[PDB]
Amino acid sequence: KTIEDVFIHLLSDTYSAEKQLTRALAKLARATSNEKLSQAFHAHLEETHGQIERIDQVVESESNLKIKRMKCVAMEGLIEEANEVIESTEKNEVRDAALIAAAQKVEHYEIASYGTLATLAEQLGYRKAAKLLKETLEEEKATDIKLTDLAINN
Amino acid sequence: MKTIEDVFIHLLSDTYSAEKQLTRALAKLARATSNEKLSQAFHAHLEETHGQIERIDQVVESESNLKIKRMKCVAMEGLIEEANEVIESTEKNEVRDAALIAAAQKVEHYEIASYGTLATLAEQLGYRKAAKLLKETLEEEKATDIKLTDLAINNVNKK
């Protein structure tokens, strides 16, 4: 019933979301015909594991924190949009354009989640965590910009 | 995006959008099944959801600084597309209904967690009337979820 409870709840949700995204990204990388988009998805795959480890670092920076086991239902839905694109397109540029739009939805959600986690961390006085969450936030922004640019020369 | 207050307004505005989208989705869900009892539960929730949007207007009016910022909740949009994928598939009767109920329970998992978060934030920000209101929606969503589970059980035992 405290702000720290809300933060742990949200961090736990994002932890689930990231874990789910590792599976989705491995699959997206194999589903596209475009080598640059595929490489983009694979790079974000590796970075995502780096981001989960960062959440682990957030939890260790404040002895009271913990990751509660849960399933982030919102991410399931966003990952499904990409699945549906795959099932309704041939492996070509129509699929690529639609997968990038679906991936942007995923980025929208993740950027908003980390912005919220960062603000909470700072309002809680969690200095190291704030910094770590901002680091991931910046990586997601770069990732999103990259999808946009890929879309343009796509 | 710097105070608890900004986070609260952001999440409340997102939830406003979610409920808005949910209204359309529930009318479609009610028509997506031949199971009268399920159809009615979706119709009942459609009404309760319109009521919850009214409660959000009340939350906003309870504090001078509160407002609803315009935005599209991407999370709910995905959950609704998830349900629609079931609606638009060729799944039928018990298969179809198991998926519809399950999809609806996913929407509830999201709503419950959303209102739990908003109610705690409101409480922590000293918005007494808001917290009380948000806990009211929280409880309705929990009851709606329990009803969905009773229905899943019935569909599983359907003979």
# chains A, B, ... in the order shown; residues from 1 in each chain; ligands from 1
call {"tool": "select_by_dssp", "arguments": {"residues": "range 52-100 of chain B", "states": "alpha helix (DSSP H)", "output": "PyMOL selection string"}}
result
chain B and resi 52-61+74-87+93-100
call {"tool": "write_last_selection", "arguments": {"atoms": "C-alpha atoms", "output": "compact mmCIF listing (two decimals), in the first residue's frame"}}
result
# COMPACT_ATOMS: atom_id res chain seq x y z
CA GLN B 52 -16.58 3.24 -14.36
CA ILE B 53 -15.83 5.96 -16.86
CA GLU B 54 -18.30 8.16 -14.96
CA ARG B 55 -16.42 7.33 -11.78
CA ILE B 56 -13.18 8.50 -13.44
CA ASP B 57 -14.84 11.87 -14.16
CA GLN B 58 -15.60 11.98 -10.44
CA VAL B 59 -11.96 11.21 -9.57
CA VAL B 60 -10.79 14.02 -11.81
CA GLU B 61 -13.27 16.50 -10.30
CA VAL B 74 -1.58 0.70 -26.47
CA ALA B 75 -1.77 -2.06 -23.85
CA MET B 76 -5.58 -2.25 -23.95
CA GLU B 77 -5.53 -1.99 -27.75
CA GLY B 78 -3.40 -5.14 -27.87
CA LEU B 79 -5.60 -6.99 -25.37
CA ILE B 80 -8.65 -6.09 -27.44
CA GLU B 81 -6.97 -7.29 -30.65
CA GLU B 82 -6.21 -10.51 -28.76
CA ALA B 83 -9.91 -11.00 -28.02
CA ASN B 84 -10.85 -10.02 -31.58
CA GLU B 85 -8.50 -12.66 -32.98
CA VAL B 86 -10.69 -15.19 -31.15
CA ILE B 87 -13.94 -13.50 -32.27
CA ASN B 93 -18.90 -23.29 -29.26
CA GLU B 94 -16.94 -24.65 -26.25
CA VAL B 95 -13.54 -24.03 -27.87
CA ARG B 96 -14.61 -20.57 -28.89
CA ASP B 97 -16.07 -19.72 -25.49
CA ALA B 98 -13.04 -20.99 -23.54
CA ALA B 99 -10.87 -18.61 -25.54
CA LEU B 100 -13.32 -15.70 -25.23
call {"tool": "closest_atom_pairs", "arguments": {"of": "range 6-58 of chain A", "to": "range 140-147 of chain A", "cutoff": "12 Å", "atoms": "only C-alpha atoms", "output": "Markdown table"}}
result
| residue | atom | partner | partner_atom | distance |
| --- | --- | --- | --- | --- |
| A:18 | CA | A:140 | CA | 11.7 |
| A:36 | CA | A:147 | CA | 10.1 |
| A:37 | CA | A:147 | CA | 7.9 |
| A:38 | CA | A:147 | CA | 11.0 |
| A:39 | CA | A:147 | CA | 11.2 |
| A:40 | CA | A:147 | CA | 7.8 |
| A:41 | CA | A:147 | CA | 9.2 |
| A:42 | CA | A:143 | CA | 11.5 |
| A:43 | CA | A:143 | CA | 9.3 |
| A:44 | CA | A:143 | CA | 7.2 |
| A:45 | CA | A:143 | CA | 10.9 |
| A:47 | CA | A:140 | CA | 9.4 |
| A:48 | CA | A:140 | CA | 9.4 |
| A:50 | CA | A:140 | CA | 11.9 |
| A:51 | CA | A:140 | CA | 9.8 |
call {"tool": "closest_atom_pairs", "arguments": {"of": "chain A", "to": "chain B", "cutoff": "9 Å", "atoms": "only C-alpha atoms", "output": "JSON lines"}}
result
{"residue": "A:1", "atom": "CA", "partner": "B:120", "partner_atom": "CA", "distance": 5.8}
{"residue": "A:2", "atom": "CA", "partner": "B:120", "partner_atom": "CA", "distance": 6.7}
{"residue": "A:3", "atom": "CA", "partner": "B:121", "partner_atom": "CA", "distance": 6.9}
{"residue": "A:5", "atom": "CA", "partner": "B:120", "partner_atom": "CA", "distance": 8.8}
{"residue": "A:6", "atom": "CA", "partner": "B:117", "partner_atom": "CA", "distance": 6.1}
{"residue": "A:9", "atom": "CA", "partner": "B:117", "partner_atom": "CA", "distance": 8.4}
{"residue": "A:10", "atom": "CA", "partner": "B:117", "partner_atom": "CA", "distance": 8.8}
{"residue": "A:72", "atom": "CA", "partner": "B:110", "partner_atom": "CA", "distance": 8.2}
{"residue": "A:73", "atom": "CA", "partner": "B:106", "partner_atom": "CA", "distance": 6.3}
{"residue": "A:74", "atom": "CA", "partner": "B:75", "partner_atom": "CA", "distance": 5.1}
{"residue": "A:75", "atom": "CA", "partner": "B:75", "partner_atom": "CA", "distance": 7.4}
{"residue": "A:76", "atom": "CA", "partner": "B:79", "partner_atom": "CA", "distance": 8.1}
{"residue": "A:77", "atom": "CA", "partner": "B:78", "partner_atom": "CA", "distance": 4.6}
{"residue": "A:78", "atom": "CA", "partner": "B:78", "partner_atom": "CA", "distance": 5.2}
{"residue": "A:79", "atom": "CA", "partner": "B:78", "partner_atom": "CA", "distance": 8.5}
{"residue": "A:80", "atom": "CA", "partner": "B:82", "partner_atom": "CA", "distance": 6.9}
{"residue": "A:81", "atom": "CA", "partner": "B:78", "partner_atom": "CA", "distance": 7.0}
{"residue": "A:84", "atom": "CA", "partner": "B:85", "partner_atom": "CA", "distance": 8.4}
{"residue": "A:105", "atom": "CA", "partner": "B:74", "partner_atom": "CA", "distance": 6.8}
{"residue": "A:106", "atom": "CA", "partner": "B:74", "partner_atom": "CA", "distance": 8.5}
{"residue": "A:108", "atom": "CA", "partner": "B:74", "partner_atom": "CA", "distance": 7.6}
{"residue": "A:109", "atom": "CA", "partner": "B:74", "partner_atom": "CA", "distance": 6.7}
{"residue": "A:115", "atom": "CA", "partner": "B:1", "partner_atom": "CA", "distance": 7.5}
{"residue": "A:116", "atom": "CA", "partner": "B:7", "partner_atom": "CA", "distance": 6.4}
{"residue": "A:118", "atom": "CA", "partner": "B:2", "partner_atom": "CA", "distance": 8.9}
{"residue": "A:119", "atom": "CA", "partner": "B:2", "partner_atom": "CA", "distance": 5.6}
{"residue": "A:120", "atom": "CA", "partner": "B:4", "partner_atom": "CA", "distance": 7.0}
{"residue": "A:122", "atom": "CA", "partner": "B:2", "partner_atom": "CA", "distance": 8.3}
{"residue": "A:123", "atom": "CA", "partner": "B:3", "partner_atom": "CA", "distance": 6.9}
call {"tool": "atom_distance", "arguments": {"atom1": "CA of residue 159 in chain B", "atom2": "CA of residue 25 in chain B"}}
result
28.9 Å
call {"tool": "atom_distance", "arguments": {"atom1": "CA of residue 26 in chain B", "atom2": "CA of residue 70 in chain B"}}
result
21.7 Å
call {"tool": "atom_distance", "arguments": {"atom1": "CA of residue 128 in chain A", "atom2": "CA of residue 61 in chain A"}}
result
6.5 Å
call {"tool": "residues_around", "arguments": {"residues": "residue 42 in chain B", "least_positions_apart": "5", "cutoff": "8 Å", "atoms": "only C-alpha atoms", "output": "VMD selection string"}}
result
chain B and resid 26 to 27 29 to 30
call {"tool": "residues_around", "arguments": {"residues": "residue 142 in chain B", "least_positions_apart": "5", "cutoff": "10 Å", "atoms": "only C-alpha atoms", "output": "VMD selection string"}}
result
chain B and resid 108 to 109 111 to 112 136 to 137 147 to 148
